[PDB]
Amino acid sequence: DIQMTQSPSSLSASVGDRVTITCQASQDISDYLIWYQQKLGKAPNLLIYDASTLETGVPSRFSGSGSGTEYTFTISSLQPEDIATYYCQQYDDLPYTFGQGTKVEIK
């Protein structure tokens, strides 16, 4: 069972800031990682797949990189609309596991 550890568990930054979030797998998951955004009271929405491919329609201010067991999610310039909780999930094998999630706030 692949353990996903995400950090930090939460942060607050200002509009325009560069935000960064990490997820480490307990095994090489061969780049099968997704980043999801979950707005308060809504279902998670896929942002990035294959570690670094943006889903069609996602703003380019969003980006992911990494490989092996360490992955990185970055938001190059924070918008008020990005206030949500972010999650990484491994899809290298079942059961698909999630990171603990990172709440992103403004201020």
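Position 1 is the first residue in the sequence shown; the rest follow in order.
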Mean C-alpha temperature factor, higher of 84-92 and 17-25
17-25
Going by the B-factors listed in the PDB entry, is the mean over the C-alpha atoms higher for 56-64 or for 42-50?
56-64
Relative to the other modelled residues of the same chain, rank the CA B-factor of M4 and answer lowest, middle or highest third.
middle
Per the entry's values, where does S30 land by CA temperature factor relative to the rest of its chain, in the lowest, middle or highest third?
highest
